[PDB]
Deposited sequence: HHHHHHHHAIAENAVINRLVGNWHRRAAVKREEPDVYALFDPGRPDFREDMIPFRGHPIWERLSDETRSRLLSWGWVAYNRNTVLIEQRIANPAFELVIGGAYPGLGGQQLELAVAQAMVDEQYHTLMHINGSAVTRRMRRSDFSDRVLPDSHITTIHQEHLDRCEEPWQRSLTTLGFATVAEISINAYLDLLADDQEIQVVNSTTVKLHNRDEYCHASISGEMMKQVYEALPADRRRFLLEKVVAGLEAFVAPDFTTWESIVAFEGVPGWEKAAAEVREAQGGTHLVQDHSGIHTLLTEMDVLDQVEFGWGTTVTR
């Protein structure tokens, strides 16, 4: 596989791993409460902290994806959990991507740290619950009865992640209003993920082909579930943020928001998985 081979070859060349208080830390249009009348009752200070919390939450979701979904799938690939893979070159490509994911985790942890330090505030990760994709991943895991199911569940969600994360990162990578440290952090991550999408897509094709029909189907079902979870706004995380900030009447508004905004996608570019599924003839 010459896709894999040269990625392995020039990783050491391309890999990312080798403040204005007047700027917002995040995009207003990615805050669910921004689209509700309660936003008009909020002070400039509260609006600002919601923007900071937004960025912190975005970083947390990304860290949770890398640590709970992506790297664990990569580790299962190297350990031989899936048929149709193997070979030295793939092991090296995946091992490389694991370094990248860990570095992305560090970049996003630092993104939050800079914000905490510069805004002079905690914005603690401990205030945030597990992100929505993390929750749904876990729910599917808990419904599994067999080890092979758990592993296929993780592959499916990871494949979705790796192939869709460019679009999630795109939401901030090109914004020139927000902090440039934030934009630049997201862009640097984005650079690595193009190559992750290729690896992940290739691996998905070959695992799918080598699996028996029952297991193939189970895998696609987890892909579907993953994509739905991945592109959704995280209403639940945003509910934790507004409760912590003591926003008057957040609970009633949050219900109104879920009603009006449920069925919208935070991530609307699904070209990654659309293209993967088209190429696979499924």
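Gaps between the deposited sequence and the modelled structure occur at positions 1-12, 31-39, 304-317.
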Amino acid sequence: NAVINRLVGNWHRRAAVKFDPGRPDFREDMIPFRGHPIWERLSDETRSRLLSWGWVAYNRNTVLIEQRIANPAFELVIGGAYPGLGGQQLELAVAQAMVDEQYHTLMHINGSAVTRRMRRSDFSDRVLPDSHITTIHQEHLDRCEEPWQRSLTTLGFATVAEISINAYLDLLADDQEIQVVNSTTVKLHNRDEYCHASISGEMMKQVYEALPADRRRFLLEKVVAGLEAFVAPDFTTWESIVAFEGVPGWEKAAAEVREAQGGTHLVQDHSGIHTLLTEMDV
From here on, numbers count along this sequence of modelled residues.
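The mean Cα B-factor in the deposited entry runs higher for 79-87 than for the other of 105-113 and 79-87. On average the C-alpha atoms of 140-148 have higher B-factors than those of the other stretch, with 140-148 and 96-104 being the two compared. Per the PDB record, 179 has a higher Cα B-factor than any other of 166, 179, 131, 159.
Among all modelled residues in this chain, the alpha-carbon of residue 70 has a temperature factor (C-alpha) in the lowest third. Sort the chain's modelled residues by C-alpha temperature factor and residue 186 lands in the middle third, per the entry. In this PDB entry, residue 234 carries a Cα temperature factor that places it within the lowest third of its chain's modelled residues. Split the chain's modelled residues into thirds by C-alpha temperature factor. Residue 203 is in the highest one. Placement of the Cα temperature factor of residue 35 within the chain: highest third of the modelled residues, per the deposited record.
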